[PDB]
Amino acid sequence: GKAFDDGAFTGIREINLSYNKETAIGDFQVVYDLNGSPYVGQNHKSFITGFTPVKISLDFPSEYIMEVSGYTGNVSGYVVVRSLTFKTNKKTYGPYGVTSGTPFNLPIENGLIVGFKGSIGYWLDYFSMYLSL
Amino acid sequence: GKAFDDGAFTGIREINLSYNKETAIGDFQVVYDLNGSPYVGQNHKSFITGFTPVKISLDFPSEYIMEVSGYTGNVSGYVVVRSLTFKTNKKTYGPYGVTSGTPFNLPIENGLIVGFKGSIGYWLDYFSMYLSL
Amino acid sequence: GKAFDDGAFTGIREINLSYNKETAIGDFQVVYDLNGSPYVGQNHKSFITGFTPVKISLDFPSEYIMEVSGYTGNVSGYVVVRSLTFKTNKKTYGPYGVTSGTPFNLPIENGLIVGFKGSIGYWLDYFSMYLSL
Amino acid sequence: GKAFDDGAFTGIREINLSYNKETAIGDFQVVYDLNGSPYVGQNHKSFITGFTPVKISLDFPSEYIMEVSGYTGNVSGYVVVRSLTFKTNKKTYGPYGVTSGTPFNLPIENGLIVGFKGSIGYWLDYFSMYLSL
Amino acid sequence: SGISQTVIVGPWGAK
Amino acid sequence: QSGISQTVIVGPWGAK
Amino acid sequence: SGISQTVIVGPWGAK
Amino acid sequence: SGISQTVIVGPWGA
Ligand SMILES: Cc1cc(=O)oc2cc(O[C@H]3O[C@H](CO)[C@H](O)[C@H](O)[C@H]3O)ccc12
Ligand SMILES: Cc1cc(=O)oc2cc(O[C@H]3O[C@H](CO)[C@H](O)[C@H](O)[C@H]3O)ccc12
Ligand SMILES: Cc1cc(=O)oc2cc(O[C@H]3O[C@H](CO)[C@H](O)[C@H](O)[C@H]3O)ccc12
Ligand SMILES: Cc1cc(=O)oc2cc(O[C@H]3O[C@H](CO)[C@H](O)[C@H](O)[C@H]3O)ccc12
């Protein structure tokens with residue numbers, strides 16, 4: 001896949017992703033907050049198209065993510081992120097994708113997600129999150 | 001179970017835990033680093049006995065934990081932490097306890113685990129980790 | 001004067017300021033680093049003209065500020081920032097302005113200046129720095 | 001003098017220092033907070049005696065230091081910290097010592113002093129502060 | 001408050 | 001508390 | 001270095 | 001390393 005690394009910002013305003021109900025997560029773009037103003041992140045695109053887009057618009061700053069969860073597993077011989085769910089202090093967004101494979105989940109008791117990095121080929125191959133107070 | 005919360009420190013020198021392969025993680029205690037000296041955390045003990053002891057002694061500060069992973073599941077009607085693994089930059093310690101139930105895993109690309117909190121009844125019911133630079 | 005607040009970033013690439021050899025600091029502007037890209041800060045302009053500009057171009061990321069110092073004092077009856085000096089791990093830039101009144105200094109043993117905020121009327125009225133690891 | 005470095009803690013509960021009107025600051029000791037419990041810091045003592053002790057007992061956690069200020073100057077051929085003042089959100093403690101020579105000041109807009117380091121011979125020669133959120 | 005803050009992740013296990 | 005991440009800030013120096 | 005650091009957790013997925 | 005880092009300002013004094 002193609003690696004990407006957004007770095008770290010001041011918080012998160014929107015997540016735009018795409019998925020397919022038979023495969024996995026495809027595209028991923030974040031609108032970060034930077035010092036009280038929107039910063040529209042790079043759109044990290046799958047090598048292929050055909051995905052369903054979702055826009056997750058948070059009521060920043062009072063609404064923020066408290067848990068990221070999902071599943072990883074095999075699609076056409078590649079381990080990819082098959083499913084994502086984002087839980088905020090207000091609501092749950094997801095699951096998007098296919099909820100099979102091996103689960104993972106990052107609940108946050110204190111702190112914020114402030115950035116994402118990862119790699120996307122046909123599907124999201126892997127990802128990490130920047131955390132900060 | 002009885003809640004514990006060690007708070008946050010400068011690093012981790014050793015973890016003493018116990019487990020039973022029929023059941024789950026039992027005791028949990030940590031020697032932290034506090035500004036260069038060992039800090040002997042309280043021993044959070046299971047309400048029962050019968051556990052096998054494990055001593056994970058780290059080559060501090062050269063050696064530090066890069067991933068904590070494990071399994072949670074139902075034991076005798078209670079959701080508990082059934083297994084733990086600690087990977088450092090030098091080697092892997094575990095798994096301790098049976099690798100059955102729902103996996104979780106926290107890899108760390110940058111940063112340090114500097115503290116533990118949780119609750120222990122007959123078994124480790126849940127835990128969280130303090131992270132810092 | 002007019003308040004400004006750049007916010008926090010990843011580092012500093014350049015500082016563009018102006019000063020008068022007979023009065024105080026006037027204009028202040030910073031090119032930050034934001035996750036590997038220059039971020040051109042707004043130019044915070046004095047209400048008056050007649051200053052000498054200075055460009056402090058740092059060899060980012062190997063060169064970074066280790067101490068900000070200077071003087072606050074009276075100009076036309078106003079307490080202003082009369083002078084600034086920036087010392088990096090490579091060299092000293094300044095003093096710029098008038099080295100008179102009450103000295104101040106922020107030496108840094110560990111960490112980085114990642115943002116400025118303050119106010120500018122005819123001269124720089126006051127400022128603050130964001131610090132981070 | 002003898003260098004000292006307490007490292008970083010959770011906060012500050014009490015500061016004990018001593019001073020002499022004829023000279024400068026003598027001894028320095030901090031009772032820190034560590035994860036909600038008091039932690040009695042090393043007592044950093046002058047090589048000599050005859051100073052006047054002061055105890056600053058803060059109403060932790062609602063009371064915290066917002067500014068530390070002082071003066072440096074020459075005493076018997078040594079440049080030392082001649083005076084200290086500690087301003088909290090509640091009140092000012094000091095000045096203690098001799099307010100002569102070159103001033104310094106560290107105000108804090110956001111964040112907390114969580115530790116001290118420095119050197120003490122016959123007098124407090126210099127010091128630095130750990131800052132955290 | 002006068003209390004320093006740290007990131008905490010978790011909990012994993014029971015409610 | 002908030003979706004806004006926090007940073008240490010020292011200062012101000014100058015007019016109060 | 002002059003580059004600010006942040007805690008990073010992950011990755012989850014391949015590799 | 002395994003040792004946690006913190007911002008440190010100063011020294012003042014000398
Ligand atoms: C389904 C399919 C069909 C095909 O003809 O080629 C590929 C190639 C694939 O690999 C790409 O996507 C992977 C998972 O995202 C991974 O990034 C790999 O490095 C990419 O080249 C995947 C699926 C195919
Ligand atoms: C297996 C078993 C056998 C028994 O005789 O009693 C108990 C009681 C248990 O409850 C306590 O431990 C739990 C799991 O750690 C949980 O903390 C609960 O709140 C406690 O009351 C568990 C297992 C038993
Ligand atoms: C020299 C001079 C003459 C005069 O008649 O008025 C002013 C007013 C000034 O005020 C502005 O600049 C101040 C210091 O920078 C401060 O910011 C104030 O709020 C501004 O209005 C300065 C000099 C004058
Ligand atoms: C004999 C004598 C008399 C006096 O008034 O002061 C001193 C100070 C001395 O040095 C010690 O204190 C210094 C200032 O704090 C400094 O730290 C030095 O390194 C210490 O050894 C020695 C003798 C004195």
Side-chain angles (χ1 to χ4, degrees), chain A residues 1-11 24-25 28 32 44 65 67-85 97 101-133, chain G:
Chain A
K2 176 65 178 90
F4 71 89
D5 190 344
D6 285 346
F9 293 87
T10 68
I25 309 290
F28 188 82
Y32 290 103
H44 304 294
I65 293 159
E67 190 168 0
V68 175
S69 62
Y71 279 83
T72 64
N74 186 321
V75 183
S76 310
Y78 293 92
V79 175
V80 295
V81 175
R82 298 207 72 181
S83 189
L84 286 163
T85 299
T102 299
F104 64 92
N105 76 299
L106 180 76
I108 295 166
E109 263 192 53
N110 197 52
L112 295 170
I113 301 155
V114 299
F116 288 90
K117 58 187 296 282
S119 171
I120 300 184
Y122 274 38
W123 305 285
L124 183 53
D125 299 309
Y126 54 81
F127 78 102
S128 299
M129 288 175 291
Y130 289 77
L131 307 176
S132 186
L133 302 162
Chain G
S1 103
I3 305 157
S4 177
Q5 310 260 36
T6 303
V7 164
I8 298 173
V9 292
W12 293 271
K15 143 172 148 319

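Just so we're on the same page: letters track the sequence lines, and every chain starts at 1.
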(request) Pick one of side chain, backbone, both or neither for A/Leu106, based on which atoms fall under 4.5 Å of a heavy atom in chain G. (result) side chain
Note each donor-acceptor pair with a separation under 3.5 Å, taking one atom from chain G and one from chain A.
| from | atom 1 | to | atom 2 | distance (Å) |
| --- | --- | --- | --- | --- |
| G/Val7 | O | A/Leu131 | N | 2.9 |
| G/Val9 | N | A/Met129 | O | 2.9 |
| G/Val9 | O | A/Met129 | N | 2.8 |
| G/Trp12 | N | A/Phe127 | O | 2.9 |
| G/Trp12 | O | A/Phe127 | N | 3.0 |
| G/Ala14 | N | A/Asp125 | O | 2.8 |

(message) Exactly one of A/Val68, A/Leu131, A/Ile113 should register a side chain to side chain contact (heavy atoms under 4.5 Å, CB included) with G/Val9. Which one does?
(response) A/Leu131
